[PDB]
Amino acid sequence: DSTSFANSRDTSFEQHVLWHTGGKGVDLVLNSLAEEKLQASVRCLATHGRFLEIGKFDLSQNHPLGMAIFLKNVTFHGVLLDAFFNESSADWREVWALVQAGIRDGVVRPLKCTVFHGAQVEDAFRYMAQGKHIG
Amino acid sequence: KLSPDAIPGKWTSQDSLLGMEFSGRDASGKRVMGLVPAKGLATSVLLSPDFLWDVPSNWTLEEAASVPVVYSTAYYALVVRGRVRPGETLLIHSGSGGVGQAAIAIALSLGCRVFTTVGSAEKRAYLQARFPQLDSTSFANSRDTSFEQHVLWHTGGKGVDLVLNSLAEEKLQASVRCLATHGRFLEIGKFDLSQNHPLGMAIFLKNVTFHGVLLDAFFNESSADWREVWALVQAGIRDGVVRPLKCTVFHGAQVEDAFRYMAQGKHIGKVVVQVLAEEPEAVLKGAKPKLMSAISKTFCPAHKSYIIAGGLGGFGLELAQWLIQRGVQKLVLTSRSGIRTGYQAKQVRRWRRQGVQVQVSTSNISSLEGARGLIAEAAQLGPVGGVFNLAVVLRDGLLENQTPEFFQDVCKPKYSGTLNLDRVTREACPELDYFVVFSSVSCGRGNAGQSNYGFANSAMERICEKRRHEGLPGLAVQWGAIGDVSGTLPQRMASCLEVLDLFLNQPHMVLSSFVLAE
Amino acid sequence: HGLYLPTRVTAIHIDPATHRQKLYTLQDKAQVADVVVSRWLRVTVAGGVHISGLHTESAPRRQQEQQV
Ligand SMILES: NC(=O)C1=CN([C@@H]2O[C@H](COP(=O)(O)OP(=O)(O)OC[C@H]3O[C@@H](n4cnc5c(N)ncnc54)[C@H](OP(=O)(O)O)[C@@H]3O)[C@@H](O)[C@H]2O)C=CC1
Ligand SMILES: NC(=O)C1=CN([C@@H]2O[C@H](COP(=O)(O)OP(=O)(O)OC[C@H]3O[C@@H](n4cnc5c(N)ncnc54)[C@H](OP(=O)(O)O)[C@@H]3O)[C@@H](O)[C@H]2O)C=CC1
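For this deposition, the record names cryo-EM as the technique by which the model was determined and cites 3.3 Å as its resolution.

Shown next, in the form of structure tokens:
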């Protein structure tokens, strides 16, 4: 819907979500943003919320996180898919089954693709670096 | 050390928040153990059946009092939140305590290797006795960060998979360092969380979930998720995993001793208070609990109706608010002009939102027909339970300035009003139990320039005295100066309400209360 | 119920220029600034001041009970 959108480059999405959720918050957060944005996202959480973090910058720098979020029932997660390649294959087969079930059901859709030939790998890297790509 | 308002749910006046679990007969005579958000220390607890288990015939009611809180929180923390599976490794702080013991019982059933922290050596011996599966290498010290080295060395530097933490400050940081990849942290202590102590996010590079376990939420919300924990506890009870803790029983009259014993911190297991003894019969279907003496404080039935004359006045609104907090759910307030200020409108709207059936009447108690109409309105809301006459009209001035009209004006709402109220109540109010009229020290001690006010106030007292002598209720409270809303300093509102609570339960007819200057 | 005192504030912004702009003189000589409190967004805004994330904790009464 038209009310399902906010701005990612500014921290104004907190007011959008809090207003449109009735002031409660959001149950699930899938965040990949920087420090100030990451802090703003936490304040969007609701009781029994779950913060799924897939970024690295704040984790790498060991930035502080206030523990008052916990008093609201909350579940902060650290989601790194790279762990599967190193160990925990039995845990990986569950994700594999989920992906296959999605493929056969129809939930999984391929994304829009921009194709660069093998001889033009440098151009592909530059295009991705620019940041204007969708998909 | 803890503010009563911290407990979730809008409890009123911060009264009776003590107690969370009990174990006793059901209304039908069945032994049951329960879990109440508050007000568990009492001779009767009102609860929903969802929060009630059954006490198996093997158990004694004494043992049952130890199970609910600790085992429910342990199950919710481990199985539901930490998703424990067989074979994992756990570091369970404060093993001697109830939650630690329940967590050990749950873990050892699944076969996990359990690390526990105990403050002393007697607790170590006790735990070694209760759970033989624990080895000598599974015990650390909870009064220092030495447990971190223990866990790290004996786990080969890998760490632990779960951490049911209750410690604080530097201990909490040490607990996190024990976590292994994919390990989960279960925070049940509420000190650092209240203080917003920082937590470095670098621990999350290792796949880790930092849970905050607060069971107080279930008692007041998240009813659907409760059935999971209820089923888990029931399954444990029937399978035998749940084993009651050792209880130190204190009698009812010695509750202060129980609190002191808990405070000293030397207890191992659970401290319970024996309100009543257990009878041999399986289903006693008893009528009532044995009576006991308790301080008398005022409460009102939900189905009765009360009339506060002059209820929109400064004291009337506070008196109504006090009445609402004591269980009044239908009120009638009287005023010649009606709601005409913001404060009155705010209070009435809040009361209506809370569910109180407030109603503002213009009926004037000065005229007998008006009094009958007022009582009829109260009846429409329900049986009349109490009548409070707080109306006042003031015309001060020395006798040389006074005049008959001023005397009539001052006396009408207090003298005539009380006469009409007495008549109509004696006529058509059989369920009435309170009838209070507010007087002033000017009546008793005297004050210049208030002759008519004193005459009116003294006249109310006579009606109340007659009412009591004939068996009907009556009480006149001679107040001094009300502050928030002679030689006597003004009296705050809270003190006035406490005194009024005392006065309502005395056997006398006229009472007074005032604060002496200097 | 009971008195709550501030314990934490997440962010406070002050802008004296906007503050002077927002003040409007009343029909009397006194000046005034309108204030809006939005509990949903946890923001208090008045003039050139903007408070967010105010946390208040109940402070136990002094129980001096100077009135007996
Ligand atoms: N999140 C939630 O809703 C819940 C939180 N909790 C918390 O986890 C803990 C376990 O609960 P509970 O069963 O009531 O714990 P207990 O009060 O039974 O045990 C507390 C532990 O603290 C240590 N201790 C020793 N002496 C004292 C003392 N004088 N004062 C304080 N602590 C002392 C002991 O561990 P040691 O032997 O190592 O010294 C003892 O086992 C509590 O701190 C509780 O608040 C648990 C249940 C519910
Ligand atoms: N507060 C004090 O300092 C003390 C007061 N008292 C008594 O204790 C009570 C405290 O109330 P208080 O704060 O003084 O109240 P107020 O003096 O502020 O107002 C009295 C109330 O009665 C109403 N009232 C006034 N005249 C009439 C009338 N003719 N018929 C019906 N209702 C009327 C008023 O509303 P409206 O005017 O619109 O009708 C108002 O709701 C009163 O009974 C007072 O006389 C005595 C000792 C101490």
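Now, onward.
A. Layout of the site of ligand 1. All names here are of chain B. Ligand 1 sits among 22 residues. The nearest are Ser96, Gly97, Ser166, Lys190 and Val213. Contact distances for ligand 1 include 2.8 Å between an oxygen atom and a backbone N or O atom of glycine 97. Only helix 3 (98-110), strand 5 (113-118) and helix 10 (255-264) provide two or more residues apiece to the shell around ligand 1. The residue makeup of the shell around ligand 1, split by class, is seven nonpolar, 12 polar and three charged.

B. Region of the structure containing the site of ligand 2. All names here are of chain B. Looking at ligand 2, there are 23 residues lining it, with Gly313, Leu390, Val392, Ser439 and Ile482 nearest. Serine 335 places a side-chain nitrogen or oxygen 3.1 Å from an oxygen atom of ligand 2. The separation between an oxygen atom of ligand 2 and a polar main-chain atom of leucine 390 is 2.8 Å. Coverage of ligand 2 by the protein amounts to 83% of the 870 Å² it exposes when considered alone. Among the elements of the structure, helix 11 (314-325), helix 14 (404-428) and strand 16 (434-440) are those that each provide at least two residues to the shell around ligand 2. For the shell around ligand 2, the element with the highest residue contribution is strand 16, accounting for three residues. Here the residues of the shell around ligand 2 sort into 11 nonpolar, nine polar and three charged.

C. Representation of the pairing of strand 11 (residues 270-274) of chain B. Note: strand 10 (residues 247-251) of chain B against strand 11 of chain B, five bridges, orientation parallel. In the strand pairing of strand 11 of chain B, B:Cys247 is matched with B:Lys270.

D. Highlighting unusual backbone geometry. Even without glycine at this site, A:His48 takes up a positive phi of about 65°. By the element assignment, A:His48 lies in strand 2 (residues 45-53). Of note, the phi angle at C:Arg42 is positive, near 55°, even though the residue is not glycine. Tracing the backbone through its elements, the reader meets C:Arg42 in the loop between strand 4 (35-38) and strand 5 (43-46).

E. Quick peek at the packing of aromatic side chains. Counted according to the given criterion, the structure contains 18 aromatic pairs over all chains. Taking the centre distance of 4.7 Å and the plane angle of 40° together, the rings of A:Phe70 and B:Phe210 count as tilted. You can see A:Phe70 sitting in the loop between helix 3 (57-61) and strand 3 (74-78) and its partner B:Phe210 sitting in strand 9 (residues 209-212), one on each of two chains. For A:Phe70, a relative accessible area of 0% translates into the label buried. For the ring pair B:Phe218 and B:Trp226, a centre distance of 6.2 Å and an interplane angle of 65° mean the geometry is edge-to-face. Taken as a pair, B:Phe218 and B:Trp226 share a single burial class, namely buried. An aromatic cluster is built from B:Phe51, B:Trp53, B:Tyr76, B:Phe218, B:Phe219, B:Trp226 and B:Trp230, whose rings are joined through pairwise contacts. In this structure, B:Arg326 packs its charged tip against the face of B:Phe299, placed 5.4 Å from the ring centre. The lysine or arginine in question, B:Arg467, covers the ring of B:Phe435, its NZ or CZ lying 4.4 Å from the ring centre.

Definitions and limits used
Numbers given to residues start from 1 along each chain, in the order its sequence is written, and need not follow the entry; residues that have no coordinates are not shown. To read the labels, note that chains go from A and ligands from 1, taken in the order they are written. Consider the displayed chains a part of a larger assembly; each reported value belongs to this part rather than to the entire assembly. Calculation of side-chain values draws on the structure's entire complement of heavy atoms; hydrogens and water are dropped beforehand. It suffices for a single heavy atom of a residue to lie within 4 Å of a molecule or strand for the residue to be listed as near it. We call two N or O atoms a polar contact when they sit within 3.5 Å, provided that within protein one can donate a hydrogen and the other can accept it, with sequence-adjacent residues counted only if both atoms are side-chain atoms. Helical segments are the DSSP runs of H or I of at least four residues, strand segments are the runs of E of at least two, and each set is numbered from the N terminus. Each residue gets one of three labels, nonpolar for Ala, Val, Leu, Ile, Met, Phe, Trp, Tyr, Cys and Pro, charged for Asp, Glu, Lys and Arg, and polar for the others, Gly among them. Areas reported here follow the Shrake-Rupley algorithm with a probe of radius 1.4 Å; residue values treat only the protein chains shown as occluding. We treat two strands as partners when DSSP finds at least two bridges between them. We call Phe, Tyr and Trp rings a pair once their centres come within 6.5 Å, taking the six-membered ring for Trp, and we label the pair stacked below 30 degrees between planes, edge-to-face above 60, and tilted otherwise. Exposure categories follow from relative accessible area, calculated using a 1.4 Å probe and restricted to protein chains: below 20% of the type maximum is buried, above 50% is exposed, and the middle band is partly exposed. By definition, being over a ring means that NZ of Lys or CZ of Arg is both within 6 Å of the ring centre and within 35 degrees of the ring normal.

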